[PDB]
Number of protein chains: 2
Amino acid sequence: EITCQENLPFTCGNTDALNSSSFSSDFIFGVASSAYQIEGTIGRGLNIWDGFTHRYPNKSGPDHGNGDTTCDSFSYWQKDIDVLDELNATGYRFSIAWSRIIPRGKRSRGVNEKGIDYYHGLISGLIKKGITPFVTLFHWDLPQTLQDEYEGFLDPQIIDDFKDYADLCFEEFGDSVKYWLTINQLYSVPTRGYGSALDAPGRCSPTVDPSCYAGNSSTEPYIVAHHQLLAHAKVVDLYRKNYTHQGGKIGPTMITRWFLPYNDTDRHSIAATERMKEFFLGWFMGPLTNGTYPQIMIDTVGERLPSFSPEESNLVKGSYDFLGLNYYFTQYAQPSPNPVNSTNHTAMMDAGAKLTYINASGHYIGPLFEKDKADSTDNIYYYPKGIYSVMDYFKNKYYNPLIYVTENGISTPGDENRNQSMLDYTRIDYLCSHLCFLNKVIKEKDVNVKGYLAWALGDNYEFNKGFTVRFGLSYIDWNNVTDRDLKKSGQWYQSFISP
Amino acid sequence: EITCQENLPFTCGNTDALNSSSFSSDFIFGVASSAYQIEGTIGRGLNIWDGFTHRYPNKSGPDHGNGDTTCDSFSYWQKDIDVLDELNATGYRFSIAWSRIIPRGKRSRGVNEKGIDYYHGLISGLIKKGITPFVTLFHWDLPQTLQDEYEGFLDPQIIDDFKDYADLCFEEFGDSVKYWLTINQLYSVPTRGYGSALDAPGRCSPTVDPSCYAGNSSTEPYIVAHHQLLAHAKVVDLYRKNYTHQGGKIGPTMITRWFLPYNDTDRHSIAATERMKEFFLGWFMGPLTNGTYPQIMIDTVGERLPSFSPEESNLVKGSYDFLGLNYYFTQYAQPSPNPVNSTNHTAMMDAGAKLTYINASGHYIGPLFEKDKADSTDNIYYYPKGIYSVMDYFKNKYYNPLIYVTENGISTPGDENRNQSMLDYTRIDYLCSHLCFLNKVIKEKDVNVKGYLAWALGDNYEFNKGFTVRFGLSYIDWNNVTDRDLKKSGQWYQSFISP
Ligand SMILES: *[C@@H]1O[C@H](CO)[C@@H](O[C@@H]2O[C@H](CO)[C@@H](O[C@@H]3O[C@H](CO[C@H]4O[C@H](CO)[C@@H](O)[C@H](O)[C@@H]4O)[C@@H](O)[C@H](O[C@H]4O[C@H](CO)[C@@H](O)[C@H](O)[C@@H]4O)[C@@H]3O[C@@H]3OC[C@@H](O)[C@H](O)[C@H]3O)[C@H](O)[C@H]2NC(C)=O)[C@H](O[C@@H]2O[C@@H](C)[C@@H](O)[C@@H](O)[C@@H]2O)[C@H]1NC(C)=O
Ligand SMILES: *[C@@H]1O[C@H](CO)[C@@H](O[C@@H]2O[C@H](CO)[C@@H](O[C@@H]3O[C@H](CO[C@H]4O[C@H](CO)[C@@H](O)[C@H](O)[C@@H]4O)[C@@H](O)[C@H](O[C@H]4O[C@H](CO)[C@@H](O)[C@H](O)[C@@H]4O)[C@@H]3O[C@@H]3OC[C@@H](O)[C@H](O)[C@H]3O)[C@H](O)[C@H]2NC(C)=O)[C@H](O[C@@H]2O[C@@H](C)[C@@H](O)[C@@H](O)[C@@H]2O)[C@H]1NC(C)=O
Ligand SMILES: *[C@@H]1O[C@H](CO)[C@@H](O[C@@H]2O[C@H](CO)[C@@H](O[C@@H]3O[C@H](CO)[C@@H](O)[C@H](O)[C@@H]3O[C@@H]3OC[C@@H](O)[C@H](O)[C@H]3O)[C@H](O)[C@H]2NC(C)=O)[C@H](O[C@@H]2O[C@@H](C)[C@@H](O)[C@@H](O)[C@@H]2O)[C@H]1NC(C)=O
Ligand SMILES: *[C@@H]1O[C@H](CO)[C@@H](O[C@@H]2O[C@H](CO)[C@@H](O[C@@H]3O[C@H](CO)[C@@H](O)[C@H](O)[C@@H]3O[C@@H]3OC[C@@H](O)[C@H](O)[C@H]3O)[C@H](O)[C@H]2NC(C)=O)[C@H](O[C@@H]2O[C@@H](C)[C@@H](O)[C@@H](O)[C@@H]2O)[C@H]1NC(C)=O
Ligand SMILES: *[C@@H]1O[C@H](CO)[C@@H](O[C@@H]2O[C@H](CO)[C@@H](O)[C@H](O)[C@H]2NC(C)=O)[C@H](O)[C@H]1NC(C)=O
Ligand SMILES: *[C@@H]1O[C@H](CO)[C@@H](O[C@@H]2O[C@H](CO)[C@@H](O)[C@H](O)[C@H]2NC(C)=O)[C@H](O)[C@H]1NC(C)=O
Ligand SMILES: *[C@@H]1O[C@H](CO)[C@@H](O[C@@H]2O[C@H](CO)[C@@H](O)[C@H](O)[C@H]2NC(C)=O)[C@H](O)[C@H]1NC(C)=O
Ligand SMILES: *[C@@H]1O[C@H](CO)[C@@H](O[C@@H]2O[C@H](CO)[C@@H](O)[C@H](O)[C@H]2NC(C)=O)[C@H](O)[C@H]1NC(C)=O
Ligand SMILES: *[C@@H]1O[C@H](CO)[C@@H](O[C@@H]2O[C@H](CO)[C@@H](O)[C@H](O)[C@H]2NC(C)=O)[C@H](O)[C@H]1NC(C)=O
Ligand SMILES: *[C@@H]1O[C@H](CO)[C@@H](O[C@@H]2O[C@H](CO)[C@@H](O)[C@H](O)[C@H]2NC(C)=O)[C@H](O)[C@H]1NC(C)=O
Ligand SMILES: *[C@@H]1O[C@H](CO)[C@@H](O[C@@H]2O[C@H](CO)[C@@H](O)[C@H](O)[C@H]2NC(C)=O)[C@H](O)[C@H]1NC(C)=O
Ligand SMILES: *[C@@H]1O[C@H](CO)[C@@H](O[C@@H]2O[C@H](CO)[C@@H](O)[C@H](O)[C@H]2NC(C)=O)[C@H](O)[C@H]1NC(C)=O
Ligand SMILES: CN(C)CCS/C(Cc1ccccc1)=N\OS(=O)(=O)O
Ligand SMILES: CN(C)CCS/C(Cc1ccccc1)=N\OS(=O)(=O)O
Ligand SMILES: *[C@@H]1O[C@H](CO)[C@@H](O)[C@H](O)[C@H]1NC(C)=O
Ligand SMILES: *[C@@H]1O[C@H](CO)[C@@H](O)[C@H](O)[C@H]1NC(C)=O
Ligand SMILES: *[C@@H]1O[C@H](CO)[C@@H](O)[C@H](O)[C@H]1NC(C)=O
Ligand SMILES: *[C@@H]1O[C@H](CO)[C@@H](O)[C@H](O)[C@H]1NC(C)=O
Ligand SMILES: *[C@@H]1O[C@H](CO)[C@@H](O)[C@H](O)[C@H]1NC(C)=O
Ligand SMILES: *[C@@H]1O[C@H](CO)[C@@H](O)[C@H](O)[C@H]1NC(C)=O
Ligand SMILES: *[C@@H]1O[C@H](CO)[C@@H](O)[C@H](O)[C@H]1NC(C)=O
Ligand SMILES: [Zn+2]
């Protein structure tokens, strides 16, 4: 019988009590990264994250930091493999930068052979050390040309350009890569990129953020989300029809949260909690499992919600071999009005829910996750049981999928000095507490989870945050990025993996 | 009778001997800048200089510096006007960043109203202080989207996209701006951008530079040069046909050099000197004055040299109200082979000339201009009489044009400390020695020169060089770019202007 802790102090850092042998022998353990965040711009074309961080430097991070050099994994990829080798990792999730292999976006314009060679070297080096690559095709870094031609995922032209890029990736790398992820966190770009404009490309309605160059926060998230689903499904069909000989698997990446009622005896809060599940997860999972959006979304969003043709619905339904689930935290939900006529209306308001980390009785959900220096009342708190709740929900609601946990992690402040940053016991506590729950849900509920990839390998540029937060299991000195030195968390994870 | 000095020491820094009253009363004196070099990327789209400096950081400068923030004239434009006001300047040359007003390149995709407002504020502030703006439409910073769509000036599609951008500039600004420059230094982009790949977009033949993404150094400079002429002429025709009501003038910017024989009694060196004039100046000036390329170029370059149709020739011939002439230095010329079949053949070899600053008797042409730390034998030296020789040549060969000197200046090393950098007596010597010759040629030869704009207002990002050289009359501290403090040269120029 398995007992996991929910509140400080945790005792799961003791690898006598919890380690990789606690899981099935075939279970994959590793870490994750993404190309904009680690590589640098050397050797590639420009993408919308270059464009957004440079046009809107105060949106790049409080420090105006960006991915121009970052940890220089373009130069130092072998040091990344050395970290993974130190960990005795068996998996690594990384992303391919579209702008590194097709700098001009559209494949017919030419490929960058040196870009292709970069990834071939990485992949060969991973396999040589027994590490399974899990390769994300699109981790938000769209070639800027495509955004400038047709506004990227706002336009249906993206589908064929994405398809041709994916086709290249499978042709060049698929003899060695057997686990492909299509689009990172389906919910994020529509909402943050086209709703709040916190992320690239930075579009929104004028009174949401007057700095936005264009947009409509009420309509564009739904347009973009729909095109992401269609683009995803077209690539999954190409993979499964034309690359079956490679013997690999493909799926999307979801951002997952759990939701609990703000007041668990209030029917309105209970209803807002269930709406949130449909609006946050079901927006994509409904299409992926049924070929239709959730009914609550159909009813609420009305003419703003695009339709799938019969052909499209069939393409999108069942378009995954597995799901990559990212999980960080859980929120309480309460009702909130949805003022569809307000010039500052956003798609995110359609769920009719207000999200908090404190419930109506004043209970904070768990330990501190991310301090908000500007407003402490908006600190994020985590909830280790949430990973259990999410996985059980996916099994029960979404047809018992094969799952890999493709991100899970926690930041420490960039204001900390090196010693403080290396003594990242808060990161041990977060990671172990979630792995305890993950083990528990696999044993208790028989959820088909087959690996776990902690975010992140190393400190890197974090979207929105610059270098103001560190998420790495290994530390990077921004004055001299060559080394990646295992933190306390990295050392811990090494022992968890090989106890 | 006017005597000017050619060699150190100069005595023309004494404003009793040389000052603005030495020139005609209507003569314009000022300084120059360009948008990539001064503004920063805040508030604009990305261009090929962003793309090139980030893809090829070792080509951006030895320091890997770029125009991301630079002197932040986006924020600090009023400080630029304050420098000009301190100088009692009557002119200022600046450039409009295409990517700031039409971030998506093609006008039909939308305009950036905040970009437009930036320039309106600048222009209004200049006029309010009695400063004549001289506005460059294109100072090399092509929207990256256009380079990625069709390779920019390599393709005839540039002509209409450039025309529509220029049309916007004249519509929005032409009620106040009366002096327009089309393309900066016609020779430069073809040769450096498509020949040697020292500049954006960085194309060349594979054995010229294996880092280049694509190109052909033998053919593409001629293609690009031709499209620059056609694009220029289409914009001059639009201006003169649709914007005559504004009562302004338009022209191109040429880079000028003078050429002298390496051995002045050797007919082969004399011939190479005259070839150089045709290949460096005549490449563009032949079209601009006759509608045809020079015959020596027709004969040598053969099928690599594009033809003008009768319609095109008529469009390009006479396509200027004035010429903006940049002038920095003069070279000796000697013969050199032109191996048209060598896989490393470049267009620059077609002139059949090798260029030096030392003649066959071991005479260096003048004072030091730019040290080359990597190879001192390749130091650049200047030649004040060259400005006299160039202007006289333009009068005699090219039909007595109206001329404004749109750049002239000298760098000091970025390794210098602030005190050393402020004590820029070498810059006084350069500027005064050239203004003495300029006065001389106007009086002696009656060349129609009506103003002079020194490069540069302030220290900025220099193409290719990062922040390793300083050209400003005012000093900028890279740790805190707000202030622009007049150097000794700025102080001198203030007194030259108002003696
Ligand atoms: C998994 O995907 C399934 C689809 O493959 C989902 O089932 C579809 O659910 C649709 C609702 O979302 C449902 O559509 C409705 O269909 C009604 C029946 O139409 C037929 O029969 C009528 C009576 O004989 C006849 O008049 C018609 O001509 C049809 O033959 C139809 O009456 C509904 O239209 C009315 O209501 C709408 C909404 O208020 C009005 O706008 C409209 O004027 C009219 O008054 C409605 O049809 C749709 O209307 C909106 C329009 O945009 C659509 O194009 C049009 O289709 C459809 O029957 C079923 N299909 C099947 C095959 O069952 C399923 O949803 C779950 O199950 C259904 C039954 C329903 O209970 C949903 O709430 C459920 O969530 C998906 N599963 C999940 C978990 O998402
Ligand atoms: C200012 O622009 C002027 C144009 O508006 C320049 O003058 C043009 O200069 C052209 C040479 O660049 C010259 O073209 C040649 O024309 C020859 C005469 O053709 C007519 O008459 C013939 C005899 O009766 C007849 O057979 C023809 O059918 C024509 O009616 C022609 O023979 C030449 O072709 C021979 O030589 C070429 C080159 O070796 C061979 O390739 C070819 O097979 C043939 O053996 C040549 O014609 C051109 O050939 C190359 C081709 O790509 C061109 O399309 C075709 O035109 C043309 O006559 C004149 N035009 C005028 C109106 O005078 C002028 O150049 C200066 O002046 C001219 C005369 C010449 O001396 C040049 O060197 C000068 O620089 C320009 N000024 C400057 C300063 O650049
Ligand atoms: C979790 O949600 C539950 C259910 O909503 C909250 O319990 C409810 O709290 C309401 C007050 O917010 C109670 O209604 C009040 O009842 C008093 C006494 O009769 C009356 O004087 C008030 O005006 C009000 O009555 C409502 O007025 C508006 C009408 O539209 C509506 O019909 C009236 O009922 C309500 O009775 C109560 N429901 C139940 C089943 O207990 C609960 O709030 C917490 O517990 C209640 C018992 C009370 O102590 C609250 O102060 C306390 O906040 C909420 N829990 C938390 C922690 O917020
Ligand atoms: C500026 O250019 C002039 C003209 O080219 C240079 O003057 C020429 O220099 C040539 C040597 O580089 C002289 O030719 C030599 O003459 C001697 C004596 O007869 C002979 O023994 C040599 O082999 C050579 O003769 C040539 O061999 C190759 C044949 O294809 C050709 O037909 C032969 O002539 C040449 O006479 C001379 N011309 C004139 C008009 O004076 C000049 O070079 C400088 O001055 C000359 C006088 C001599 O002192 C050179 O050493 C000295 O460099 C050159 N100036 C500079 C500074 O380089
Ligand atoms: C977002 O786009 C939507 C849809 O084009 C706009 O909502 C329309 O608003 C107009 C004018 O108020 C109304 O006639 C329609 O009834 C609306 N259609 C729908 C489906 O709601 C909305 O105004 C745009 N928002 C902004 C800020 O531009
Ligand atoms: C962040 O930078 C943006 C420019 O990218 C600034 O956005 C201005 O935002 C204000 C406040 O809403 C508007 O009224 C202006 O119209 C915006 N200007 C532009 C050019 O978009 C913003 O001020 C900066 N934020 C902070 C906190 O300094
Ligand atoms: C706020 O959250 C707290 C903690 O989860 C809930 O308090 C638990 O409530 C259960 C059922 O009443 C009790 O058995 C536990 O003892 C409570 N735990 C603690 C730590 O107090 C609380 O009910 C939530 N409040 C609302 C309004 O939903
Ligand atoms: C790397 O991980 C592998 C696999 O867990 C380690 O090999 C296992 O080591 C345990 C404990 O010694 C043995 O029970 C198993 O028999 C080994 N399994 C296999 C398949 O070889 C290996 O020791 C770890 N390496 C390092 C350097 O920690
Ligand atoms: C530059 O482009 C030119 C023209 O396409 C190439 O020169 C041709 O070279 C081929 C193969 O040697 C020859 O058949 C033709 O005679 C040439 N045409 C001309 C006008 O010279 C040249 O090889 C390209 N250079 C590189 C480095 O790609
Ligand atoms: C400058 O950086 C470039 C990469 O942009 C390097 O160019 C390599 O150049 C060598 C030498 O010719 C070639 O053999 C390689 O094929 C090029 N690699 C790539 C990826 O283009 C160059 O080494 C760097 N220069 C210096 C002096 O360090
Ligand atoms: C190299 O340049 C020097 C300087 O301009 C030339 O020397 C001048 O030559 C003239 C004519 O012979 C003499 O009157 C001057 O006295 C010379 N000046 C000096 C400073 O020596 C020289 O002729 C050039 N050499 C060649 C081969 O062209
Ligand atoms: C700015 O420049 C103007 C013009 O040269 C200066 O005004 C001239 O000043 C001289 C010397 O005092 C007089 O001879 C002229 O009569 C003035 N000309 C005009 C048209 O007013 C002015 O003094 C300079 N200002 C500063 C602050 O130096
Ligand atoms: C660590 N980094 C790679 C995470 C990617 S974003 C994320 C999860 C999250 C959000 C806020 C703070 C930390 C993590 N959620 O995305 S969102 O759309 O739900 O906001
Ligand atoms: C100062 N900066 C704005 C100058 C622009 S470039 C220049 C002139 C030159 C070249 C080398 C060194 C200094 C100046 N010449 O361009 S070129 O094509 O002749 O090389
Ligand atoms: C691994 O943890 C299990 C409990 O899940 C424990 O029984 C086992 O001994 C641990 N292994 C090692 C080497 O400590
Ligand atoms: C498979 O590739 C073939 C060969 O190009 C192509 O014609 C076909 O449409 C592709 N099938 C897909 C994407 O399902
Ligand atoms: C949205 O607009 C409404 C109507 O003015 C306003 O009350 C509300 O505070 C606005 N929301 C935000 C987040 O600014
Ligand atoms: C950068 O760090 C590396 C790895 O520790 C070290 O070997 C190298 O000397 C460092 N460079 C500088 C300038 O300190
Ligand atoms: C300006 O220079 C001229 C010589 O060109 C001289 O005669 C005049 O006095 C100078 N003006 C002043 C104020 O020094
Ligand atoms: C002048 O503008 C008119 C109005 O658009 C246009 O039709 C015409 O072709 C332009 N003329 C030029 C570029 O010479
Ligand atoms: C150009 O190629 C030729 C032929 O190999 C060679 O001799 C020459 O040195 C090369 N030029 C440069 C600048 O590398
Ligand atoms: Zn940058």
Side-chain angles (χ1 to χ4, degrees), chain B residues 20 26-39 44 71 73-98 100-101 115-141 165-185 235-236 239-240 243-253 320-326 402-409 449-458 460 472-474 484 493 497:
Chain B
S20 61
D26 67 345
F27 198 91
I28 285 165
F29 286 106
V31 291
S33 72
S34 86
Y36 183 74
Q37 302 180 267
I38 73 172
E39 298 177 347
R44 60 166 180 79
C71 53
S73 286
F74 180 72
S75 308
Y76 301 123
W77 59 278
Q78 181 67 237
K79 307 300 188 189
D80 296 339
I81 296 178
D82 290 354
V83 169
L84 290 154
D85 187 29
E86 196 170 12
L87 289 173
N88 206 10
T90 45
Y92 175 51
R93 174 170 176 244
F94 71 89
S95 86
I96 294 171
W98 186 339
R100 184 171 302 284
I101 73 168
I116 290 166
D117 293 352
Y118 175 69
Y119 294 111
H120 279 308
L122 176 59
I123 291 163
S124 179
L126 293 168
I127 286 174
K128 278 80 285 191
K129 293 284 166 182
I131 302 155
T132 298
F134 283 73
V135 180
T136 314
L137 291 169
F138 183 66
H139 203 126
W140 303 346
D141 56 325
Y165 159 65
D167 183 70
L168 176 67
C169 290
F170 301 146
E171 177 188 289
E172 293 290 335
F173 314 116
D175 292 328
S176 291
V177 171
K178 308 302 180 192
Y179 290 91
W180 290 103
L181 294 305
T182 54
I183 301 177
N184 185 67
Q185 296 189 178
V235 162
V236 171
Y239 186 74
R240 296 200 294 194
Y243 296 94
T244 188
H245 62 280
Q246 295 183 344
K249 292 184 190 293
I250 188 157
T253 298
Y320 61 91
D321 298 319
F322 67 92
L323 303 169
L325 304 186
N326 296 354
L402 172 59
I403 289 163
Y404 292 87
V405 174
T406 37
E407 295 180 20
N408 178 242
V449 180
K450 293 189 89 76
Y452 172 93
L453 309 172
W455 185 261
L457 185 156
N460 58 52
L473 278 66
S474 65
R484 289 92 164 93
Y493 195 42
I497 292 173

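We use all heavy atoms of the structure for the numbers below, so side chains are in, but hydrogens, waters and symmetry mates are not. The sequence lines fix the lettering, A, B, ..., with proteins before strands; numbering per chain opens at 1.
- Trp180(B) contributes no side-chain N or O that, together with a main-chain N or O of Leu137(B), makes up a donor-acceptor pair within less than 3.5 Å.
- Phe94(B) pairs in a side-chain contact (heavy atoms from CB on, under 4.5 Å) with only one of the listed residues (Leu457(B), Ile38(B), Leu126(B)), which is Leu126(B).
- Residues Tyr320(B) and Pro252(B) meet the side-chain proximity criterion, which asks for heavy atoms closer than 4.5 Å.
- Expressed to the nearest 0.5 Å, how far CD1 of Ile131(B) lies from OG1 of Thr90(B) amounts to 9.0 Å.
- For the pairing with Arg93(B), the side-chain hydrogen bond (donor to acceptor under 3.5 Å, both in side chains) check across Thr132(B), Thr136(B), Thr406(B) returns one residue only, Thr136(B).
- For the pair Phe134(B)/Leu181(B), a side-chain contact is recorded, criterion being any heavy-atom separation below 4.5 Å from C-beta on.
- Taken from CD1 in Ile96(B) to SG in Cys169(B), the straight-line distance is 4.0 Å, to the nearest 0.5 Å.
- In terms of heavy atoms, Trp98(B) sits closest to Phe138(B) at CE3-CD1, 4.1 Å.
- The side-chain contact (heavy atoms from CB on, under 4.5 Å) test applied to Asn88(B) returns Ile497(B), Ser498(B), not counting sequence neighbours.
- Between the side chains of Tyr36(B) and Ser95(B), no donor-acceptor pair of N or O atoms lies under 3.5 Å.
- Closest approach of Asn460(B) and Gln37(B) over heavy atoms only: CB-O, 3.2 Å.
- At distances below 3.5 Å, not a single donor-acceptor pair connects side-chain atoms of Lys178(B) with backbone N or O atoms of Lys249(B).
- Contacts of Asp321(B) classified as side chain to side chain donor-acceptor pair (under 3.5 Å), with partners at least two apart in sequence or in another chain: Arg240(B).
- In this pair, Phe322(B) and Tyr404(B) present their aromatic rings perpendicular. The plane angle is above 60°, beyond the 30 to 60° band.
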Tell me which donor-acceptor pairs under 3.5 Å the side chains of residues 117-124 of chain B have, and how far apart each pair is, sequence neighbours excluded?
unit_1    : atom_1 : unit_2    : atom_2 : d
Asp117(B) : OD2    : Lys114(B) : NZ     : 3.0
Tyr118(B) : OH     : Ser73(B)  : O      : 2.8
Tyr119(B) : OH     : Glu39(B)  : OE1    : 3.3
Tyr119(B) : OH     : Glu39(B)  : OE2    : 2.6
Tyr119(B) : OH     : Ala97(B)  : N      : 3.0
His120(B) : NE2    : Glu172(B) : OE1    : 3.4
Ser124(B) : OG     : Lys128(B) : NZ     : 3.3

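- Inter-residue side-chain proximity for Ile250(B) and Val235(B) is flagged as met; some heavy-atom pair is nearer than 4.5 Å.
- One distance of note links CG of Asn326(B) with CH2 of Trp455(B); it measures 8.5 Å at 0.5 Å rounding.
- Separating the OH atom in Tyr179(B) from the CD1 atom in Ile28(B) is a distance of 5.0 Å, to the nearest 0.5 Å.
- Taking OG from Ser474(B) and NZ from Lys79(B), the interatomic distance works out to 12.5 Å, rounded to the nearest 0.5 Å.
- Considering only heavy atoms from C-beta on, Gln246(B) comes within 4.5 Å of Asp175(B) through its side chain.
- Between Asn184(B) and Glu407(B), some side-chain heavy-atom pair lies under the 4.5 Å cut-off.
- Between the CH2 atom in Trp77(B) and the CG atom in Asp82(B) there is a gap of 9.5 Å [rounded to 0.5 Å].
- Using cut-offs of 30° and 60° on the angle between ring planes, the pair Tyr243(B) and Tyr239(B) is parallel.
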